[PDB]
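Enquirer: See coords-v7.pdb below, with PDB, C-alpha atoms.
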ATOM      1  CA  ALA A   3       6.566   0.358  20.960
ATOM      2  CA  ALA A   4       7.121  -0.113  17.237
ATOM      3  CA  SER A   5       8.506   3.179  15.951
ATOM      4  CA  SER A   6       8.279   2.678  12.172
ATOM      5  CA  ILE A   7       7.254   0.323   9.366
ATOM      6  CA  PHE A   8      10.889  -0.851   9.223
ATOM      7  CA  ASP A   9      10.432  -2.814  12.447
ATOM      8  CA  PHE A  10       8.356  -5.296  10.395
ATOM      9  CA  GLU A  11       9.172  -8.174   8.038
ATOM     10  CA  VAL A  12       7.215  -8.729   4.836
ATOM     11  CA  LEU A  13       7.286 -11.288   2.045
ATOM     12  CA  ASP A  14       7.237 -10.241  -1.594
ATOM     13  CA  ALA A  15       5.000 -11.930  -4.181
ATOM     14  CA  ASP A  16       7.813 -14.466  -4.752
ATOM     15  CA  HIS A  17       7.620 -15.496  -1.055
ATOM     16  CA  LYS A  18      11.138 -14.308  -0.222
ATOM     17  CA  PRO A  19      11.807 -11.628   2.443
ATOM     18  CA  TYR A  20      11.456  -8.185   0.875
ATOM     19  CA  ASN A  21      14.160  -5.517   1.328
ATOM     20  CA  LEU A  22      11.839  -3.034   3.037
ATOM     21  CA  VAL A  23      14.487  -0.802   4.671
ATOM     22  CA  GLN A  24      15.732   0.374   1.258
ATOM     23  CA  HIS A  25      12.781   2.800   1.230
ATOM     24  CA  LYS A  26      13.817   4.361   4.567
ATOM     25  CA  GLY A  27      14.625   8.066   4.250
ATOM     26  CA  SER A  28      11.801   8.854   1.813
ATOM     27  CA  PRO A  29       7.960   8.649   1.824
ATOM     28  CA  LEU A  30       5.912   5.653   0.606
ATOM     29  CA  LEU A  31       2.284   4.841  -0.175
ATOM     30  CA  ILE A  32       1.085   1.372   0.887
ATOM     31  CA  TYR A  33      -2.098  -0.140  -0.629
ATOM     32  CA  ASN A  34      -3.989  -3.287   0.144
ATOM     33  CA  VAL A  35      -5.117  -4.462  -3.290
ATOM     34  CA  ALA A  36      -7.539  -6.767  -5.130
ATOM     35  CA  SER A  37      -7.814  -7.757  -8.822
ATOM     36  CA  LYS A  38     -11.594  -8.152  -9.041
ATOM     37  CA  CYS A  39     -12.715  -5.017  -7.179
ATOM     38  CA  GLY A  40     -14.744  -2.017  -8.375
ATOM     39  CA  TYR A  41     -11.756   0.038  -7.227
ATOM     40  CA  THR A  42      -9.175  -2.099  -9.120
ATOM     41  CA  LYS A  43      -9.002   0.130 -12.252
ATOM     42  CA  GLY A  44      -9.019   3.476 -10.462
ATOM     43  CA  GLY A  45      -6.855   2.024  -7.689
ATOM     44  CA  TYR A  46      -4.026   0.762  -9.888
ATOM     45  CA  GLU A  47      -4.172   3.883 -12.102
ATOM     46  CA  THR A  48      -3.754   6.227  -9.134
ATOM     47  CA  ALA A  49      -0.982   4.040  -7.643
ATOM     48  CA  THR A  50       0.909   3.901 -10.977
ATOM     49  CA  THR A  51       0.461   7.632 -11.713
ATOM     50  CA  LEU A  52       1.860   8.553  -8.281
ATOM     51  CA  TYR A  53       4.694   6.015  -8.586
ATOM     52  CA  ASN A  54       5.803   7.251 -12.026
ATOM     53  CA  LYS A  55       5.462  10.911 -11.011
ATOM     54  CA  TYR A  56       7.556  10.603  -7.831
ATOM     55  CA  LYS A  57       9.864   7.603  -8.561
ATOM     56  CA  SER A  58      12.915   9.845  -8.938
ATOM     57  CA  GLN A  59      12.522  11.457  -5.491
ATOM     58  CA  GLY A  60      12.795   8.079  -3.710
ATOM     59  CA  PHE A  61       9.020   7.529  -3.506
ATOM     60  CA  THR A  62       7.533   4.050  -3.910
ATOM     61  CA  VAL A  63       4.184   2.251  -3.751
ATOM     62  CA  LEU A  64       3.863  -1.167  -2.090
ATOM     63  CA  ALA A  65       0.850  -3.347  -2.911
ATOM     64  CA  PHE A  66      -0.347  -5.993  -0.464
ATOM     65  CA  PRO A  67      -2.914  -8.339  -2.078
ATOM     66  CA  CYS A  68      -5.788  -9.221   0.279
ATOM     67  CA  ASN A  69      -8.798 -11.524  -0.170
ATOM     68  CA  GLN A  70     -10.875 -10.408   2.860
ATOM     69  CA  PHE A  71     -13.241  -8.026   1.046
ATOM     70  CA  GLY A  72     -15.823  -9.899  -1.024
ATOM     71  CA  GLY A  73     -13.147 -12.482  -1.851
ATOM     72  CA  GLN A  74     -11.937 -10.213  -4.633
ATOM     73  CA  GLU A  75      -8.298 -11.433  -4.671
ATOM     74  CA  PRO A  76      -8.759 -15.201  -5.313
ATOM     75  CA  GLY A  77      -5.699 -15.757  -7.544
ATOM     76  CA  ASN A  78      -2.177 -16.683  -6.445
ATOM     77  CA  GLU A  79       0.715 -14.199  -6.384
ATOM     78  CA  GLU A  80       2.019 -15.195  -9.856
ATOM     79  CA  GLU A  81      -1.450 -14.621 -11.353
ATOM     80  CA  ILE A  82      -1.685 -11.274  -9.539
ATOM     81  CA  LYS A  83       1.826 -10.289 -10.724
ATOM     82  CA  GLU A  84       0.849 -11.008 -14.339
ATOM     83  CA  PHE A  85      -2.581  -9.301 -14.280
ATOM     84  CA  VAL A  86      -1.135  -6.166 -12.655
ATOM     85  CA  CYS A  87       1.720  -5.753 -15.156
ATOM     86  CA  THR A  88      -0.270  -6.546 -18.333
ATOM     87  CA  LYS A  89      -3.262  -4.309 -17.553
ATOM     88  CA  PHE A  90      -1.809  -1.341 -15.680
ATOM     89  CA  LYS A  91       1.948  -1.381 -16.357
ATOM     90  CA  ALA A  92       2.527  -1.186 -12.605
ATOM     91  CA  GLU A  93       6.258  -1.476 -11.967
ATOM     92  CA  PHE A  94       6.113  -0.997  -8.184
ATOM     93  CA  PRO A  95       6.682  -3.919  -5.737
ATOM     94  CA  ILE A  96       3.801  -6.392  -5.326
ATOM     95  CA  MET A  97       3.864  -8.303  -2.025
ATOM     96  CA  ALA A  98       2.662 -11.744  -0.903
ATOM     97  CA  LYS A  99      -1.064 -12.072  -0.092
ATOM     98  CA  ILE A 100      -1.915 -11.251   3.524
ATOM     99  CA  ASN A 101      -4.736 -10.581   5.938
ATOM    100  CA  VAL A 102      -5.198  -6.908   6.940
ATOM    101  CA  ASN A 103      -7.897  -7.563   9.597
ATOM    102  CA  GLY A 104      -8.464 -10.124  12.364
ATOM    103  CA  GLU A 105      -6.398 -12.664  14.315
ATOM    104  CA  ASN A 106      -4.101 -13.287  11.328
ATOM    105  CA  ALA A 107      -3.704  -9.612  10.320
ATOM    106  CA  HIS A 108      -0.099  -8.821   9.413
ATOM    107  CA  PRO A 109       1.744  -7.081  12.311
ATOM    108  CA  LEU A 110       2.659  -4.208   9.941
ATOM    109  CA  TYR A 111      -1.036  -3.572   9.230
ATOM    110  CA  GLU A 112      -1.954  -3.646  12.917
ATOM    111  CA  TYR A 113       0.687  -0.934  13.450
ATOM    112  CA  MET A 114      -0.432   1.269  10.507
ATOM    113  CA  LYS A 115      -4.136   0.946  11.397
ATOM    114  CA  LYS A 116      -3.468   1.785  15.061
ATOM    115  CA  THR A 117      -1.281   4.746  14.076
ATOM    116  CA  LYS A 118      -3.772   6.054  11.484
ATOM    117  CA  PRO A 119      -7.396   4.962  12.279
ATOM    118  CA  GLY A 120     -10.388   5.062   9.912
ATOM    119  CA  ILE A 121     -13.900   6.493  10.297
ATOM    120  CA  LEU A 122     -14.772   7.499  13.885
ATOM    121  CA  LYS A 123     -11.302   6.308  15.034
ATOM    122  CA  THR A 124     -12.109   2.672  14.070
ATOM    123  CA  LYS A 125      -9.043   0.597  13.212
ATOM    124  CA  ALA A 126     -10.394  -1.963  10.704
ATOM    125  CA  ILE A 127      -9.614  -1.708   7.000
ATOM    126  CA  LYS A 128     -13.026  -1.253   5.342
ATOM    127  CA  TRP A 129     -12.294  -2.346   1.792
ATOM    128  CA  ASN A 130      -9.751  -3.035  -0.951
ATOM    129  CA  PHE A 131      -7.576  -0.025  -1.974
ATOM    130  CA  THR A 132      -7.221   1.632   1.379
ATOM    131  CA  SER A 133      -3.791   3.317   1.463
ATOM    132  CA  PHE A 134      -1.414   4.643   4.125
ATOM    133  CA  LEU A 135       1.034   7.470   3.490
ATOM    134  CA  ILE A 136       4.360   6.905   5.211
ATOM    135  CA  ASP A 137       6.949   9.593   6.017
ATOM    136  CA  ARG A 138      10.784   9.652   5.767
ATOM    137  CA  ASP A 139      11.187   8.076   9.210
ATOM    138  CA  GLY A 140       8.846   5.222   8.184
ATOM    139  CA  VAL A 141       5.957   6.581  10.282
ATOM    140  CA  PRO A 142       2.391   6.500   8.835
ATOM    141  CA  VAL A 143       1.003  10.039   8.524
ATOM    142  CA  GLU A 144      -2.283   9.527   6.594
ATOM    143  CA  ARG A 145      -4.930   6.888   5.920
ATOM    144  CA  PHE A 146      -6.652   7.327   2.547
ATOM    145  CA  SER A 147     -10.039   5.852   1.682
ATOM    146  CA  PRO A 148     -10.598   3.493  -1.233
ATOM    147  CA  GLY A 149     -11.145   5.754  -4.245
ATOM    148  CA  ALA A 150      -8.816   8.525  -2.999
ATOM    149  CA  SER A 151      -7.543  10.428  -6.027
ATOM    150  CA  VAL A 152      -4.023  11.422  -7.119
ATOM    151  CA  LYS A 153      -4.786  15.041  -6.203
ATOM    152  CA  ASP A 154      -6.245  14.067  -2.811
ATOM    153  CA  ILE A 155      -3.028  12.157  -1.975
ATOM    154  CA  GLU A 156      -0.705  14.857  -3.399
ATOM    155  CA  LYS A 157      -2.272  17.289  -0.891
ATOM    156  CA  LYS A 158      -0.241  15.422   1.748
ATOM    157  CA  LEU A 159       2.548  13.849  -0.323
ATOM    158  CA  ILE A 160       3.966  17.091  -1.765
ATOM    159  CA  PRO A 161       4.630  18.836   1.596
ATOM    160  CA  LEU A 162       6.131  15.511   2.737
ATOM    161  CA  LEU A 163       8.580  15.273  -0.193
ATOM    162  CA  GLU A 164       9.749  18.853   0.404
ATOM    163  CA  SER A 165      10.596  17.985   4.043
ATOM    164  CA  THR A 166      13.964  16.836   5.488
TER     165      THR A 166
END
Give the structure from this file in structure tokens form.

Expert:
Amino acid sequence: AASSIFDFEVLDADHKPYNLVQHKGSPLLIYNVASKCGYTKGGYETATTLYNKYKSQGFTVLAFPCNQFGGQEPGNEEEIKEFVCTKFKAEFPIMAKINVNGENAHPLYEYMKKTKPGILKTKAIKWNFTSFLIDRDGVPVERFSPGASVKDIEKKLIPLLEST
């Protein structure tokens, strides 16, 4: 039905519509994020490292803040924007806070989760810092677990970059 991530509308952290289709033609990594998680440090470091290392090939990281896992994203978008830039020097796009699970789950997440299920084919996001790898057609090709390393993600990202 939906054929890519570009069939969906998302708000950036400033609550204006985000120009999502600018990333079409090259792969992306999309995280759901939290500021007060045990994965926050490792999560933002991996995201940044991958973003810096593959920026020039048209690769980006999008971060969707989410407060559904232990309530570990309590702050507003401006507070999140500041924390993220001061601590980690993350220069990638930070989006508006959303739900990833349930009746108010963002349509884009329902699509990614359905395309790339978790443990035992279950759809639900299990925690903060789950990521989806997206290909050049805007189709999700991998789900990564919270804690997934740079090298774990490169295993799939590198062959993807060399494609098309």

Enquirer: To one decimal place, how far is CA of residue 108 (chain A) from CA of residue 79 (chain A) in Å?

Expert: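 Separating CA of residue 108 (chain A) from CA of residue 79 (chain A) is a distance of 16.7 Å.
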
Enquirer: Return as a count of residues only the set of residues that the PyMOL selection byres ((chain A and resi 84-87) around 12) yields on the displayed structure.

Expert: 32

Enquirer: Residues at most 6 Å from residue 6 (chain A), counting all atoms listed in the file, excluding those fewer than 3 positions away in the same chain, as a PyMOL selection string?

Expert: chain A and resi 9+140-141

Enquirer: Nearest residue to residue 145 (chain A) out of A:121, A:4, A:23, A:107, using all atoms listed in the file?

Expert: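 Using all atoms listed in the file, the shortest distance to residue 145 (chain A) belongs to A:121.
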
Enquirer: When distances are computed from only C-alpha atoms, which of A:98, A:44, A:164, A:33 shows the smallest separation from residue 127 (chain A)?

Expert: A:33

Enquirer: Which is closer to residue 134 (chain A) than all the others in A:63, A:31, A:155, A:163, using all atoms listed in the file?

Expert: A:31

Enquirer: Go ahead and compute the interatomic distance for CA of residue 28 (chain A) and CA of residue 138 (chain A), in Å to one decimal.

Expert: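 About the pair CA of residue 28 (chain A) and CA of residue 138 (chain A): they are 4.2 Å apart.
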